[PDB]
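**Q** I am attaching a structure below and will ask some questions about it afterwards.
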Amino acid sequence: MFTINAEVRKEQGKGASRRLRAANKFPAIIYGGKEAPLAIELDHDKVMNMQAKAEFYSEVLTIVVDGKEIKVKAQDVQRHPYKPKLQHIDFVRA
Amino acid sequence: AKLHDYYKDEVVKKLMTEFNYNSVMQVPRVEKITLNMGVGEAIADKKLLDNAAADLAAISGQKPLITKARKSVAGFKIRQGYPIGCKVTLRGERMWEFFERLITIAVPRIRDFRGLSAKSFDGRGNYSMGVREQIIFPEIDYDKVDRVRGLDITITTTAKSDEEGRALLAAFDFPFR
Amino acid sequence: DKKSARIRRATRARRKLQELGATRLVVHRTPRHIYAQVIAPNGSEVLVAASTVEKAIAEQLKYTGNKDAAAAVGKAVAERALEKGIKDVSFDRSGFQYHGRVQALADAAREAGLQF
Amino acid sequence: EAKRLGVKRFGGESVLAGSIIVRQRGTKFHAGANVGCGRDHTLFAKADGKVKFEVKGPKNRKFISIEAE
RNA sequence: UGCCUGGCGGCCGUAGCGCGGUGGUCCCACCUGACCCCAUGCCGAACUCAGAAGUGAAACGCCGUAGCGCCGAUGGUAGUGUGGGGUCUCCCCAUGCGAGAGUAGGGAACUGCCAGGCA
RNA sequence: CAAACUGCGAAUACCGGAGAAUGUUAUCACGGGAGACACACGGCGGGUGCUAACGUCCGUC
RNA sequence: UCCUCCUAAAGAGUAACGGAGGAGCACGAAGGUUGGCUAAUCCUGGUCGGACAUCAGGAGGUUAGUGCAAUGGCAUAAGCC
């Protein structure tokens with residue numbers, strides 16, 4: 001019932017993370033199961049608006065990447081120490 | 001041997017009957033008996049320690065070994081390596097005859113006989129208490145008495161629980177608490 | 001525990017012999033049965049071994065565990081070692097006390113034609 | 001005076017007999033094969049070959065081993 | 001050799017700790033006297049001289065329990081070598097290397113030789 | 001939270017074995033002839049100082 | 001005069017009239033060989049016992065001890081018989 005937009009990730013490293021933060025984006029990863037973990041790049045404002053909901057803590061996330069629907073759950077979320085910005089999120093294929 | 005035969009004849013059978021044990025040796029088996037003298041007055045005089053050790057050797061079948069100091073404390077003014085007391089490690093026929101001679105006469109005739117405690121245990125069924133007025137024992141006669149002295153009595157058993165100690169007391173018929 | 005204490009006691013000689021890098025003979029002693037083997041310097045290979053439980057060497061013995069049985073086992077181990085060509089192995093009595101069956105079997109091995 | 005400390009010879013280095021590998025104040029390394037320990041807790045080579053570093057034991061202690069070339 | 005038991009090595013918290021179950025076919029342990037082999041700071045305390053009288057219990061081998069505890073990714077974060085900039089107590093730009101912790105996952109380990117027994 | 005704290009644990013530095021490549025052998029040793037034996041400023045990682053510094057001293061460029 | 005910890009920036013060395021300390025010892029055993037044992041700390045019972053003489057049992061696994069002040073290490077013990 002929740003719409004999520006995702007983009008493919010083709011870069012890796014602290015330099016890539018800095019580039020995404022400068023371009024107002026931040027990466028995220030999905031891991032779990034026999035499938036190899038993969039990284040997904042997401043924007044900042046739209047993802048913050050998505051996370052603003054109070055039901056995120058107990059809702060299954062439907063990631064739409066490469067025209068495919070994947071149900072995941074965010075067990076751990078990494079947040080900036082004091083600034084209200086997100087730099088990395090973690091998801092599991094539940 | 002003389003008491004061991006009767007022990008195996010009746011105590012083992014009654015314990016097995018009451019505890020519905022399956023193993024033949026599940027009945028508790030006595031390991032050893034220790035007779036120590038932790039008076040603590042050996043610092044003032046050393047002859048009393050030798051006299052008490054000689055008395056213990058006479059009453060028992062062996063001469064006790066002397067025990068040195070364990071840990072020094074400034075409050076009690078105790079050094080390291082200074083002998084304080086001795087203990088007798090009763091095993092075999094000596095322990096059997098000594099325990100028989102005790103339980104025959106010595107235990108019933110004690111002043112203020114309130115009865116032994118069945119709850120005071122170390123934690124695995126070992127009964128380690130202390131008895132004063134050493135004159136109660138028959139071997140210590142008024143000829144060799146020096147002063148009213150106490151002793152520590154410990155019985156070592158293969159048991160690992162207080163229920164087995166209670167069963168052993170019941171076998172010993174446990175006059176009263 | 002007795003076995004752990006025995007192993008720790010034997011560990012001193014076991015580690016000391018490692019620097020030498022020479023094959024050693026060890027004997028495991030128990031009133032029920034006695035075991036013996038000759039350990040290679042690598043510590044994972046035995047050139048020859050025997051056990052008192054085996055009737056191939058216990059057929060002439062009244063029982064597996066006795067002084068005569070230990071002496072016979074030591075003599076057989078020494079003879080097999082000599083015929084195999086052990087080339088002057090060392091001695092290590094598994095951290096035991098050298099007063100009884102171990103002493104008898106060591107004496108038998110020495111008198112069989114050994115020089116240890 | 002500043003007492004000299006450190007590992008004189010590391011792993012994979014050819015050494016000769018009587019050559020010290022590491023001179024340590026205590027015992028941070030243990031002698032292995034063809035390695036001897038002196039009275040000053042110093043490990044010296046007992047043969048000719050390369051040196052190797054390995055960790056073993058219940059306490060994960062370090063050992064020094066020498067392999068002949 | 002399919003399984004069980006004990007010894008000879010590595011691996012040294014994937015082998016460790018707590019709980020339950022099972023074991024005498026073989027092996028191992030429990031036993032009295034020791035004046036005899038051996039010896040006690042007393043004691044047969046340890047070891048040792050007879051082996052099953054019986055047992056598998058104190059201990060010990062094995063299986064389950066992922067409970068305690070342990071190892072542990074990809075990625076991210078902190079940091080740093082190189083040249084520059086800024087509002088030069090510090091931060092950023094391009095690049096290389098990259099933490100800890102945590103998550104996923106792993107696992108009640110495995111492996112070579114010898115000896116006996118159950119076939 | 002830590003300079004006489006690490007159940008963990010970087011970048012960087014250093015040693016040794018093999019290696020295509022380059023720097024006029026650029027490397028080392030021997031004998032002779034030397035010079036100085038009072039360095040300053042800036043960059044990088046710290047100490048002292050009051051986590052007052054643009055004060056002071058270290059290793060390197 | 002010698003030695004120990006930072007400074008001394010994960011090789012080694014590395015300085016200021018920098019920040020902090022110990023010593024001029026000692027053995028005919030406190031050395032060696034072989035065979036054996038293995039701490040401080042708490043609880044249970046204990047005329048003497050005040051919690052803090054020692055004892056039997058349980059936990060602990062080197063914070064004890066390892067002669068000097070300190071550092072590195074020592075359980076296989078370098079600790080004890």
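Chain labels follow the order of the structure tokens: the first chain is A, the next B, and so on; residue numbering restarts at 1 in every chain, and ligands are counted from 1 in their shown order.
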Hey, list the chain A side of the contact with chain E: 8 Å cut-off, only C-alpha atoms (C1' of nucleotides), answer as a PyMOL selection string.
**A** chain A and resi 28-29+31-33+37-39+75-76+78+88+92
**Q** Tell me as a list in words which residues belonging to chain F come within 12 Å of chain D, counting only C-alpha atoms (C1' of nucleotides).
**A**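 Result, ordered by chain then number: residues 14, 15, 16, 17 and 18 of chain F.
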**Q** Find the residues near residue 37 in chain B: any atom within 8 Å, counting only C-alpha atoms (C1' of nucleotides), skip ones fewer than 3 places away on the same chain, and give them as a PDB file with N, CA and C atoms (P, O5', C5', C4', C3', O3' and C1' of nucleotides), in the first residue's frame.
**A**
```pdb
ATOM      1  N   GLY B  85      47.630 -25.235  63.968  1.00  0.00           N
ATOM      2  CA  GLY B  85      46.862 -26.394  64.375  1.00  0.00           C
ATOM      3  C   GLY B  85      47.202 -27.652  63.604  1.00  0.00           C
ATOM      4  N   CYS B  86      46.418 -28.709  63.810  1.00  0.00           N
ATOM      5  CA  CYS B  86      46.648 -29.980  63.138  1.00  0.00           C
ATOM      6  C   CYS B  86      45.312 -30.670  62.907  1.00  0.00           C
ATOM      7  N   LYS B  87      45.310 -31.619  61.970  1.00  0.00           N
ATOM      8  CA  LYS B  87      44.111 -32.378  61.644  1.00  0.00           C
ATOM      9  C   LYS B  87      44.466 -33.840  61.421  1.00  0.00           C
ATOM     10  N   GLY B 150      38.199 -27.405  72.477  1.00  0.00           N
ATOM     11  CA  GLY B 150      37.242 -27.778  71.461  1.00  0.00           C
ATOM     12  C   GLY B 150      37.901 -28.431  70.254  1.00  0.00           C
ATOM     13  N   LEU B 151      37.052 -28.993  69.395  1.00  0.00           N
ATOM     14  CA  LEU B 151      37.509 -29.689  68.201  1.00  0.00           C
ATOM     15  C   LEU B 151      36.513 -29.463  67.073  1.00  0.00           C
ATOM     16  N   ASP B 152      36.970 -29.718  65.850  1.00  0.00           N
ATOM     17  CA  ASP B 152      36.139 -29.644  64.657  1.00  0.00           C
ATOM     18  C   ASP B 152      36.013 -31.035  64.056  1.00  0.00           C
TER      19      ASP B 152
ATOM     20  P     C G  55      43.775 -23.231  56.960  1.00  0.00           P
ATOM     21  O5'   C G  55      42.690 -24.234  57.555  1.00  0.00           O
ATOM     22  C5'   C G  55      43.084 -25.432  58.207  1.00  0.00           C
ATOM     23  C4'   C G  55      41.950 -26.030  59.000  1.00  0.00           C
ATOM     24  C3'   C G  55      40.793 -26.591  58.190  1.00  0.00           C
ATOM     25  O3'   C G  55      41.053 -27.897  57.705  1.00  0.00           O
ATOM     26  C1'   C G  55      39.952 -25.249  59.949  1.00  0.00           C
TER      27        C G  55
END
```
**Q** Residues within 12 Å of residue 9 in chain E, please, as a list in words. Count only C-alpha atoms (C1' of nucleotides); anything in the same chain fewer than 3 positions from it doesn't count.
**A**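 Contacts, in chain order: residues 14, 18, 39, 40, 41, 42, 43, 44, 45 and 46 of chain C; 111, 112 and 113 of chain E.
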**Q** With N, CA and C atoms (P, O5', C5', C4', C3', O3' and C1' of nucleotides) retained, export the selected residues as a PDB file, in the first residue's frame.
**A**
```
ATOM      1  N   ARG C  14      57.069 -34.367  26.864  1.00  0.00           N
ATOM      2  CA  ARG C  14      56.557 -34.378  25.498  1.00  0.00           C
ATOM      3  C   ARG C  14      56.992 -33.133  24.735  1.00  0.00           C
ATOM      4  N   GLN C  18      60.314 -32.432  21.664  1.00  0.00           N
ATOM      5  CA  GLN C  18      59.991 -31.880  20.350  1.00  0.00           C
ATOM      6  C   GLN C  18      61.200 -31.208  19.710  1.00  0.00           C
ATOM      7  N   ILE C  39      56.399 -43.593  18.839  1.00  0.00           N
ATOM      8  CA  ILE C  39      55.948 -42.410  18.116  1.00  0.00           C
ATOM      9  C   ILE C  39      57.064 -41.897  17.216  1.00  0.00           C
ATOM     10  N   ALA C  40      56.705 -41.561  15.979  1.00  0.00           N
ATOM     11  CA  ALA C  40      57.636 -40.942  15.054  1.00  0.00           C
ATOM     12  C   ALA C  40      57.936 -39.510  15.495  1.00  0.00           C
ATOM     13  N   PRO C  41      59.043 -38.928  15.017  1.00  0.00           N
ATOM     14  CA  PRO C  41      59.374 -37.553  15.432  1.00  0.00           C
ATOM     15  C   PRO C  41      58.295 -36.536  15.103  1.00  0.00           C
ATOM     16  N   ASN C  42      57.510 -36.761  14.046  1.00  0.00           N
ATOM     17  CA  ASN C  42      56.438 -35.834  13.703  1.00  0.00           C
ATOM     18  C   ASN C  42      55.344 -35.788  14.763  1.00  0.00           C
ATOM     19  N   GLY C  43      55.213 -36.834  15.578  1.00  0.00           N
ATOM     20  CA  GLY C  43      54.219 -36.872  16.627  1.00  0.00           C
ATOM     21  C   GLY C  43      52.843 -37.336  16.204  1.00  0.00           C
ATOM     22  N   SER C  44      52.660 -37.720  14.939  1.00  0.00           N
ATOM     23  CA  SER C  44      51.368 -38.188  14.452  1.00  0.00           C
ATOM     24  C   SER C  44      51.457 -39.553  13.778  1.00  0.00           C
ATOM     25  N   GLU C  45      52.614 -40.209  13.825  1.00  0.00           N
ATOM     26  CA  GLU C  45      52.808 -41.509  13.203  1.00  0.00           C
ATOM     27  C   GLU C  45      53.447 -42.460  14.203  1.00  0.00           C
ATOM     28  N   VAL C  46      52.984 -43.707  14.205  1.00  0.00           N
ATOM     29  CA  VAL C  46      53.530 -44.755  15.059  1.00  0.00           C
ATOM     30  C   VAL C  46      54.079 -45.862  14.169  1.00  0.00           C
TER      31      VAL C  46
ATOM     32  P     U E 111      35.930 -35.408   9.851  1.00  0.00           P
ATOM     33  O5'   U E 111      37.486 -35.353   9.513  1.00  0.00           O
ATOM     34  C5'   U E 111      37.955 -34.736   8.323  1.00  0.00           C
ATOM     35  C4'   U E 111      39.420 -34.396   8.425  1.00  0.00           C
ATOM     36  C3'   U E 111      40.344 -35.553   8.771  1.00  0.00           C
ATOM     37  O3'   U E 111      40.681 -36.342   7.644  1.00  0.00           O
ATOM     38  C1'   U E 111      40.849 -33.706  10.154  1.00  0.00           C
ATOM     39  P     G E 112      40.650 -37.944   7.741  1.00  0.00           P
ATOM     40  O5'   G E 112      42.148 -38.333   8.117  1.00  0.00           O
ATOM     41  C5'   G E 112      43.201 -38.152   7.183  1.00  0.00           C
ATOM     42  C4'   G E 112      44.539 -38.489   7.790  1.00  0.00           C
ATOM     43  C3'   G E 112      44.632 -39.834   8.491  1.00  0.00           C
ATOM     44  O3'   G E 112      44.833 -40.910   7.593  1.00  0.00           O
ATOM     45  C1'   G E 112      45.596 -38.161   9.855  1.00  0.00           C
ATOM     46  P     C E 113      44.351 -42.391   7.982  1.00  0.00           P
ATOM     47  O5'   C E 113      45.361 -42.833   9.133  1.00  0.00           O
ATOM     48  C5'   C E 113      46.737 -43.040   8.854  1.00  0.00           C
ATOM     49  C4'   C E 113      47.501 -43.427  10.095  1.00  0.00           C
ATOM     50  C3'   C E 113      46.946 -44.609  10.872  1.00  0.00           C
ATOM     51  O3'   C E 113      47.315 -45.855  10.308  1.00  0.00           O
ATOM     52  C1'   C E 113      47.472 -42.854  12.368  1.00  0.00           C
TER      53        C E 113
END
```
**Q** Which of chain C end up as strand (DSSP E) when DSSP is run on this backbone - answer as a short mmCIF file (atom, residue, chain, number, x, y, z; two decimals) with N, CA, C and O atoms, in the first residue's frame?
**A**
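Now in part_32.cif:
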```cif
data_model
loop_
_atom_site.label_atom_id
_atom_site.label_comp_id
_atom_site.auth_asym_id
_atom_site.auth_seq_id
_atom_site.Cartn_x
_atom_site.Cartn_y
_atom_site.Cartn_z
N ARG C 24 60.32 -41.56 19.53
CA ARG C 24 60.24 -41.92 20.94
C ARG C 24 59.27 -43.08 21.13
O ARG C 24 58.35 -43.28 20.33
N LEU C 25 59.50 -43.85 22.19
CA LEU C 25 58.60 -44.93 22.59
C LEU C 25 57.87 -44.51 23.86
O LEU C 25 58.49 -43.99 24.79
N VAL C 26 56.56 -44.73 23.88
CA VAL C 26 55.74 -44.42 25.04
C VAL C 26 54.89 -45.64 25.38
O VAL C 26 54.58 -46.47 24.52
N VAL C 27 54.53 -45.76 26.65
CA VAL C 27 53.72 -46.87 27.15
C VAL C 27 52.58 -46.30 27.98
O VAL C 27 52.80 -45.44 28.84
N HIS C 28 51.36 -46.77 27.71
CA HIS C 28 50.19 -46.39 28.48
C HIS C 28 49.88 -47.51 29.45
O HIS C 28 49.69 -48.66 29.04
N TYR C 35 49.02 -50.42 27.08
CA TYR C 35 49.23 -50.07 25.69
C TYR C 35 50.64 -49.52 25.50
O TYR C 35 51.19 -48.87 26.39
N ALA C 36 51.21 -49.79 24.32
CA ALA C 36 52.56 -49.34 24.01
C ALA C 36 52.64 -49.01 22.52
O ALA C 36 52.02 -49.69 21.70
N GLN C 37 53.42 -47.98 22.20
CA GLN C 37 53.64 -47.60 20.81
C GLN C 37 54.93 -46.80 20.72
O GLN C 37 55.43 -46.27 21.72
N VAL C 38 55.47 -46.72 19.51
CA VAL C 38 56.69 -45.97 19.22
C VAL C 38 56.31 -44.81 18.31
O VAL C 38 55.96 -45.02 17.15
N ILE C 39 56.40 -43.59 18.84
CA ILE C 39 55.95 -42.41 18.12
C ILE C 39 57.06 -41.90 17.22
O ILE C 39 58.23 -41.80 17.63
N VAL C 46 52.98 -43.71 14.20
CA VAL C 46 53.53 -44.76 15.06
C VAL C 46 54.08 -45.86 14.17
O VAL C 46 53.37 -46.38 13.30
N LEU C 47 55.35 -46.22 14.38
CA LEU C 47 55.96 -47.27 13.58
C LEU C 47 55.47 -48.65 13.98
O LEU C 47 55.33 -49.53 13.12
N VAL C 48 55.19 -48.86 15.27
CA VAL C 48 54.71 -50.15 15.75
C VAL C 48 53.96 -49.90 17.06
O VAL C 48 54.24 -48.94 17.77
N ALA C 49 53.00 -50.78 17.35
CA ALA C 49 52.20 -50.64 18.56
C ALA C 49 51.71 -52.01 19.00
O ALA C 49 51.66 -52.96 18.21
N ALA C 50 51.34 -52.10 20.27
CA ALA C 50 50.83 -53.34 20.84
C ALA C 50 49.86 -53.01 21.97
O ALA C 50 49.89 -51.91 22.54
N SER C 51 49.01 -53.98 22.29
CA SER C 51 48.03 -53.83 23.36
C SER C 51 47.86 -55.17 24.06
O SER C 51 47.76 -56.21 23.41
N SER C 90 64.14 -42.76 21.74
CA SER C 90 64.26 -42.30 23.12
C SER C 90 63.19 -42.97 23.98
O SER C 90 62.44 -43.84 23.52
N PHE C 91 63.12 -42.58 25.25
CA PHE C 91 62.18 -43.15 26.20
C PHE C 91 61.33 -42.06 26.83
O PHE C 91 61.83 -40.97 27.14
N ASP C 92 60.05 -42.36 27.03
CA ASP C 92 59.12 -41.45 27.70
C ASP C 92 58.00 -42.29 28.28
O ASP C 92 57.21 -42.88 27.53
#
```
**Q** Taking only C-alpha atoms (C1' of nucleotides) into account and nothing else, which residues of chain G lie no more than 7 Å away from chain D? Please answer as a list in words.
**A**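 Filtering chain G at 7 Å from chain D with only C-alpha atoms (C1' of nucleotides) gives residues 12, 72 and 73 of chain G.
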**Q** Please save C-alpha atoms (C1' of nucleotides) of the selected residues as a PDB file, in the first residue's frame.
**A**
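Saved file selection16.pdb follows:
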```pdb
ATOM      1  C1'   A G  12      63.964   1.062  15.195  1.00  0.00           C
ATOM      2  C1'   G G  72      57.877  -6.731  30.164  1.00  0.00           C
ATOM      3  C1'   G G  73      56.552 -11.499  31.056  1.00  0.00           C
TER       4        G G  73
END
```
